[PDB]
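Okay, so here's just one chain, in structure tokens, the form deposited in one PDB entry.
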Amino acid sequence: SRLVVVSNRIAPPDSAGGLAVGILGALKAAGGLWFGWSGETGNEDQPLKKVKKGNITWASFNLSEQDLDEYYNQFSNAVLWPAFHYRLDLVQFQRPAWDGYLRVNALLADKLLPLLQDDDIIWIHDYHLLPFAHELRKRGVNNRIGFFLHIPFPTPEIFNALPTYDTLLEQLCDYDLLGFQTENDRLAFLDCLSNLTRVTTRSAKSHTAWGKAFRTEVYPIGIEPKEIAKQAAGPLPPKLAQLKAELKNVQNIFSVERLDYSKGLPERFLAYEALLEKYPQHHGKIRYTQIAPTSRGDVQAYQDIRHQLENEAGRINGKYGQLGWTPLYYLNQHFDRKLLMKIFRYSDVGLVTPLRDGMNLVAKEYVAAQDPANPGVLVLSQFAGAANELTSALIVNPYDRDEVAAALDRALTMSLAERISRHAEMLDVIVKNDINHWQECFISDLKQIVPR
């Protein structure tokens, strides 16, 4: 019956993101509890902050500065994030970080225990909480527990470099259900596990390792098509309505993401440079806007990527700019999601070219936001999880800047008929694998496990 969801952050009643709509859909159906970090530092030793509306309860706690630094800044974001995105060169393994990561998981488990009921189903989200099922088991919780990894799971040759990889695998197997964005992530997890210990598998997705039974499954996260199309078709704020009108004979190429090195933003700028260099006929007639709010700015590698991006914006505009034409608009700013939907609708090209992305919701949002009668074009990296389902996109390899540039040109000149075709085929896939479908499949699978 009751659903408990915990994740690193939680969204209480009063700007609803992609994951939030999914969690809330699940919680609204079952009723239950959403538990996680308040996003605040300091004053940890105040009671849990609780809200209750109808059937759902929201609960949060603060974290100390040390715990945040070792758990979130260091281990999560400077070890697991770079490794799981195939950047060994960036991980900063240190023992205190690893100890902090275990400490906060144990802390969270301790806070959570009194709030649990015997029949609860428990859903844990993301790489911050890899050890969490294990911490629950050692505290006597026998409940069904599922995990969803929102990011890629790396192959053995990368995963096995983590000094702590073996402990991570052992603890992952304390979940009854492990969910991944793509088939390759699930396979990679099983591949790392099989390299470490004997695994017994039945029908691809049911396993035993060290005598522990667990299932695996793929649930590619999605969007709410009806909500996005509503938001997207709504009027722009007055100042932005004015701008849309002023851009009548300007084609807009648009990108938005957190400012992360996984997103390949410099490589993208270089591709835009390549478009400007080799297709001069677009000069003065196109614009590329990149919205990239700072993310995890306490972490050196994130400051580094931001500085690199600032330089490239200045260099490209410095070289291809004219007195009355700025080629590249770079905004280190966060935009409301409801507004982004409107901006996607008026953008001729959506450019989503990450080097590695668990899924990438921006790509699904962009084509849901389109006017089906006059849709823009998605240019999508083959390394985004989304590329598995959005095969009608212009799929590209961001390591070949000339290919990305060619695809940008192709997108800018595509006929109405072909834009519609490609759009309708993508939209059909994302309407058939909804965010509702995504949470319903996960919860249905979780309810099926016979608890220990």
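Start at 1 with the first residue shown and count on from there. Here, rigid core means the biggest group of C-alpha atoms that superpose within 1.5 Å across both forms.
Another form exists, deposited in another entry; not displayed. Remarks below refer to it.
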{"property": "Rigid core superposition between the shown form and the other one: residue from 397, 64, 55, 421 with Cα shift of 2 Å or more", "result": "55"}
{"property": "Rigid core superposed: residue 26 CA moves 2 Å or more between the shown form and the other one", "result": "yes"}
{"property": "Core superposition between the shown form and the other one, C-alpha change of residue 204 at least 2 Å", "result": "yes"}
{"property": "Change in CA distance between residue 435 and residue 29 in that other deposited form, which is 3 Å or more, as closer or farther", "result": "closer"}
{"property": "In that other deposited form, whether the C-alpha atoms of residue 435 and residue 32 sit closer or farther than here (change of 3 Å or more)", "result": "closer"}
